[PDB]
Every structure is written in structure tokens, then in C-alpha cells.
Amino acid sequence: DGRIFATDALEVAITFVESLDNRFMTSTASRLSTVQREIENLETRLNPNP
Amino acid sequence: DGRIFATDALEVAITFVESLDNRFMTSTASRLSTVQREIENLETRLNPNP
Amino acid sequence: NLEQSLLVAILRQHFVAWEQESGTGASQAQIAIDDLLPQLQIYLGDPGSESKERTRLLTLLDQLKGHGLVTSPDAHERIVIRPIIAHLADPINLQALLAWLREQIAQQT
């Protein structure tokens, strides 16, 4: 439509070089609490015992 | 100590090529549910009004 | 040579520290080899392989023992800095080598 877009391939390509340099890393402090809550929820879900 | 290890640089390098091919991509539906719960919790936290 | 000289300087510093500790005490001015790795690492670099740096350090120590300034490594990975070190790193010799090293640093331009 005359509007150009960045293919997902280029999206991955740029996402690579971005994570390279001394940066704000993909993870953060709250990541661990996030996974803690998520594990809690998933365990309570999978548990078939009423 | 005689035990070799994979530098974080090589960890990023391998993590790149892994995501390339037609794959089990990074995200799933549980990703969307997790972000829903995360926004809920983070909003309820940041809210200073008692 | 000047890498041997850097190691000689480190050994001399340890020797004078030990002398302060014990006056002159016995000839046992001892040091653990593993302590030289953090120090010399800063200068010769860090090839990232502990074995490689250990091999380099042991080669330097053996070459120094060739001059008689340090007993060869023993079963406890410890060596006695031979007292001869005091008269090779004599402050006069240290000033001479230091002036030459400043000369070379100037030549580095």
C-alpha cells in the first residue's frame, strides 16, 4: 500500500545487536518474582488433586 | 580449574541462531496470560491510593 | 628481561613485606604461587585459561630459579624467595632500571 514495513527477519536481526553491548539486559530484578508467581499459579493449576 | 565453560558471548551467539529457524518460537498463549497477570499485579502495586 | 624484571619486582615487594613481618627471621620468605596469578595477570594479560597462565607463571619462576632468586615449586605449590633478591633489587639498581623504564615509556610515544 506504499507503506513499507520491517520484515520479522530484520526484527530478529536488530533484536540481536541490541542485546550485545553493555546495556539494560533482557532480565531485570522483578523477573525472578515474576517467575515465582508464575510457578505458583501453574503448579496450583496442574495439580489435579482437589 | 581444568573445567571449560561457555562465555556469555557464546551464549548470546548460540541463542541467536536458535531463534532463527522455523521453531517453537519464544512466546506462547501462556505468555499473554502471564503478561495479563503481571499488569494486574504491577498496577495494584503502583497504585498509591489506599 | 623485563617480564622477568616485573616478576622480580613483585617478588621483591613480597620479600620486603616479609622482612618487615619477621625482621630478618629465617631464610623462609615464602609465598603461595596462586597469589602471583592475580598480580601478574594485570600485566601480561588474561588469556582466560587458568592452565595457560599457570604454565606461563611457572616458566617465569623456573627461569628466575635459573638465576637463583627463588626455589623451584614444591609439593605445596610454595616457594622461598632467596635472600639474594635483596641485592638484585637494590634501591640503586631499582632507580637505574626505573630511569631506563621512564626512558622507554617516553620512547613509546
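Residues numbered from 1 in each chain as written, not as in the entry; some residues may be left out. Chains lettered and ligands numbered in written order. Part of a larger assembly, values for the part shown. Heavy atoms only, no water.

Going by the header, the method for this PDB entry is cryo-EM, and the resolution given is 3.7 Å.

Enquirer: Give me the lowdown on the relation of the copies chain B and chain A, citing residues and values where you can.
Expert: Superposition record for chain B on chain A: RMSD 0.3 Å, screw rotation 180°, translation along axis 0.0 Å. Such a combination of turn and shift is consistent with a two-fold rotation axis. Residues of chain B ranked by C-alpha distance from the rotation axis are headed by B:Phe16, positioned 3.3 Å from it. (Least-squares fit on C-alpha atoms.)

Enquirer: Talk me through the pattern of salt bridges; I want residue IDs and the actual numbers.
Expert: Two side chains of opposite charge can pair, provided their charged atoms sit close to one another. Residues and elements named next belong to chain C. Summed over the entire model, instances satisfying the criterion amount to five salt bridges over all chains. A salt bridge links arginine 54 to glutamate 50, with the shortest nitrogen-to-oxygen separation between them at 3.2 Å. Of this pair, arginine 54 and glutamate 50 both sit in helix α3 (residues 50-67), separated by four residues, roughly a single helical turn. By relative accessible area, which is 25% here, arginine 54 ends up partly exposed. The class for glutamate 50 is partly exposed, based on a relative accessible area of 29%. (Salt bridge = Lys/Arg side-chain N within 4 Å of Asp/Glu carboxyl O. Helix = DSSP H or I, 4+ residues; strand = E, 2+ residues; numbered from the N terminus. Buried < 20%, exposed > 50% of the residue type's maximum accessible area, 1.4 Å probe, protein only.)

Enquirer: For α3(C), give the residues involved together with the corresponding values.
Expert: Count 3.6 residues to each turn of an α-helix, and residues three or four apart come out pointing the same way. Residues and elements named next belong to chain C. The end-to-end C-alpha separation of α3 is 26 Å, in line with the 26 Å expected for 18 residues at 1.5 Å each. Along α3, the residues classified as buried are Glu53, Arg56, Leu57, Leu60, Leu61 and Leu64. Considered in projection along α3, the buried side chains sweep an arc of 135° and stay on one side of the axis. Across from the buried face of α3, at angles greater than 90 degrees, the exposed residues are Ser51 and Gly66. Buried positions along α3 lie against α1 (2-22), α2 (33-44) and β2 (78-80). Looking at the residues trailing α3, positive phi occurs at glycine 68, about 85°. (Expected span 1.5 Å × (residues − 1). Arc of directions from axis to C-beta. Contact = heavy atoms within 4.5 Å.)

Enquirer: I'd like a rundown of the interface of chain B and chain A, residues and numbers included.
Expert: Contacts between chain B and chain A engage eight residues on the former and seven residues on the latter. Summed over both partners, the interface of chain B with chain A buries about 610 Å², with 61% contributed by carbon and sulfur atoms. Contact with chain A buries area across many residues of chain B, yet B:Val12, B:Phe16 and B:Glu38 alone supply 55% of it, more than any other trio. Inspection of the chain B/chain A interface yields one salt bridge. Of the charged contacts in the structure, one is a salt bridge between A:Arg37 and B:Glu38, with a shortest N-O distance of 3.1 Å. In this structure, the connection of chain B to chain A is made through two residue pairs in polar contact. Tallied by class, residues from the side of chain B that touches chain A come to three nonpolar, three polar and two charged. (Buried area = accessible area lost by both parts, 1.4 Å probe. Polar contact = N/O pair within 3.5 Å; in protein donor to acceptor, adjacent residues only side chain to side chain. Nonpolar A, V, L, I, M, F, W, Y, C, P; charged D, E, K, R; others polar.)

Enquirer: Describe the environment of C:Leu7, naming the residues involved and giving the relevant values.
Expert: Residues and elements named next belong to chain C. On the secondary structure map, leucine 7 appears in helix α1. A relative accessible area of 1% means that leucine 7 is categorised as buried. Residues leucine 7 and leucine 36 lie 29 residues apart in sequence; the distance between their C-alpha atoms is 8.6 Å. Setting aside chain neighbours within four positions, we find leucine 7 in contact with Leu36, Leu57, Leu60, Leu61 and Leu64.

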